[PDB]
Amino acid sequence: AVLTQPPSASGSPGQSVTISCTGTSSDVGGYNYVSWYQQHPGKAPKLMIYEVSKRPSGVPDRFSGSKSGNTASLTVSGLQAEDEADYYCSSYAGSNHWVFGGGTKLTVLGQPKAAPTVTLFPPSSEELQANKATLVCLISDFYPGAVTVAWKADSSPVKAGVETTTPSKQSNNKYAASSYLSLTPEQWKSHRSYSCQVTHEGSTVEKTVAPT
């Protein structure tokens, strides 16, 4: 059972930002053993918070943790450039098992926030004639570079057959990503529509395609 963590938290230099981490009553809301890790690209993670709010030695007071219900929160006051990294929460989950969060990229805003542009492509007629079907959701020109992609058949969610790239920096220093939904030709024509939902800084951009 993964811990739900927003894809992108961001702020301007000196501002305060909060990274949430929602679990259930049998991990986050069940025990006071939530941890927070900071990972700079290519380096090993660094423990920033343990047991909800305790700081290891050397961790700045700007980092503070807290917990309310099944949701923990890592707050960073006085945001600085070196705080730009990926942040993962952790929690004991019962039965001698620990679990991580999905991860949040914390970006120090160097340019205005750009919402993602979404272009969704249905399966081509040639692929359908090969007894295959693939939806292509293309996400580009968004900043900061972190996003959650959710697929929907009709109006119900779809988790099987989803593969998504991690964000990559473009030539304009914005970011882009792509997500693929592999389907059978029968699943594609059964449901009345498929949708690609793209979440970025609270707002969500959705594109929908229909058979034929």
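Start at 1 and count along the sequence shown; that's the residue number.
- Per the PDB record, of the two stretches 42-50 and 168-176, 168-176 carries the greater mean B-factor over its C-alpha atoms.
- Residue-level inspection of the entry shows that, of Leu79, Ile139, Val136, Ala93, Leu79 has the top Cα B-factor.
- Per-chain ranking of the deposited C-alpha B factor places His97 in the lowest third.
- The deposited CA B-factor of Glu127 belongs to the middle third of values across its chain.
- The entry lists a Cα temperature factor for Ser203 that places it in the highest third of the chain's modelled residues.
- In this PDB entry, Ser68 carries a Cα temperature factor that places it within the middle third of its chain's modelled residues.
- Ranked within its chain, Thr107 lands in the middle third, by CA B factor from the PDB record.
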